[PDB]
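Taking the form deposited in one PDB entry, here's one chain by itself in structure tokens.
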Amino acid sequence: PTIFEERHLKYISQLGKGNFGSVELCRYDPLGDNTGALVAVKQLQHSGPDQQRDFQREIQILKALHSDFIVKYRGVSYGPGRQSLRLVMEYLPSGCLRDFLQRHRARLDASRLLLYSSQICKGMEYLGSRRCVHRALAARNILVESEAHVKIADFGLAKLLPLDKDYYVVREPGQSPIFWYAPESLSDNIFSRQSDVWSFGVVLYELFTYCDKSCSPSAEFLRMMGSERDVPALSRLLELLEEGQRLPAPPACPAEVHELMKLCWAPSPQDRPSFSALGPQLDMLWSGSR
């Protein structure tokens, strides 16, 4: 059931492009009559050994996860030849949360944003119990299953912590979404479940601004970086964060949610709340808003 025959996967279109991979909308059509199920299928391009190995990892992690708040693994496929591997996932046609929020802002109220917040937190709690660091977490990689149900996706950078270590360190990445990363990740290449909490804070910011491009993290940075313009962004961001500067409270954001953001952005990773501590608070806020 989890082995899709490659010759029966029919390409329709591209859903996402990464540095080394893409996610493609396909039909699995073993009857050949175009009646099969639609699936989302990841494969690599421009991939060396490291990228192949990371993709094997991604598959094993996602296959093991069973949460209502994590995109469903379906199976794998292999073509003929070297570098044949494909990851088959459920397809969610409503697309990503980032696009969904911008399209439907005028009808998605604070209660609904609280619901999405709580669901994403529950998915991160699930990951944490499996010692998985997601790293990529952002509104652009969270999927909308229905208007009242979201799921975490893009496990391309996900990694399991060793049983006896609560962080990992990588070599300097070439291309990072710098405005989502914890300072220890930006400066020392350290990632953990605590750096995931920082990113979740930025997700809460994305939710409560409806991903408006006028107040995106990059826009706020360009406003707050100061009058000196030709300064490298990463350098300057690290200085602003060290000085204690943070993204502003969105006008429509409940004060209690802004306070949770601030705690997610504590300087010291050990001072940030766990997802297990955040969950109850978001659950109480959501349930009080129904």
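In this text, the rigid core denotes the largest set of C-alpha atoms whose superposition between the two forms falls within 1.5 Å. Throughout, we count residues from 1 along the sequence that is shown.
As for the form deposited in another entry, it is not shown, yet the points below apply to it.
Residue among 68, 239, 29, 259 with C-alpha shift of 2 Å or more between this form and the one not shown, core superposed:
Of all the options, the C-alpha that shifts by at least 2 Å belongs to 29.
Just checking, between this form and the one not shown and with the core aligned, does residue 9 shift 2 Å or more at the CA?
For residue 9, whose C-alpha is compared between this form and the one not shown after core superposition, the shift is 2 Å or more.
So, superposing on the core, is the move of residue 38 at the CA at least 2 angstroms between this form and the one not shown?
Passes the 2 Å threshold, so yes.
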